[PDB]
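Have a look at the structure below before the remarks.
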């Protein structure tokens, strides 16, 4: 019960998008990047990390390795993460600590 405002206007979709999950190793992580066509550098740089190892990278990190492009990579990554969170309904004693 606390007055608050929110919203977002980002209408952007892609025709093709390779499936990326935590079970996907570095062999797939590199494919996901190329699929989006981020950059020839970020693909090889982030194409060596595993599924989780990559997602583990924070905005600052992704920006440190991907430089400026990173900002975009992270914007797309998070989007996927959230989608994965609610992929296989069956969380075991896991969830939001505080709401």
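Residue numbers (PDB author numbering): 1 to 99.
Note that the Cβ used here is the ideal one computed from N, Cα and C, for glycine as well.
Span of the alpha helix (DSSP H) around residue i
i	result
residue 9	From DSSP, residue 9 is part of no alpha helix (DSSP H); its letter is neither H nor E.
residue 30	26–36
Reduced DSSP secondary structure (H/G/I, E/B, other) of residue i
i	result
residue 85	helix
residue 49	coil
residue 90	coil
residue 76	helix
residue 57	coil
residue 70	helix
Same chain, Cβ closer than 8 Å to residue i, five either side skipped, listed in chain order
i	result
residue 87	21
residue 81	55
Same chain, Cβ closer than 6 Å to residue i, five either side skipped, listed in chain order
i	result
residue 34	43
residue 64	none
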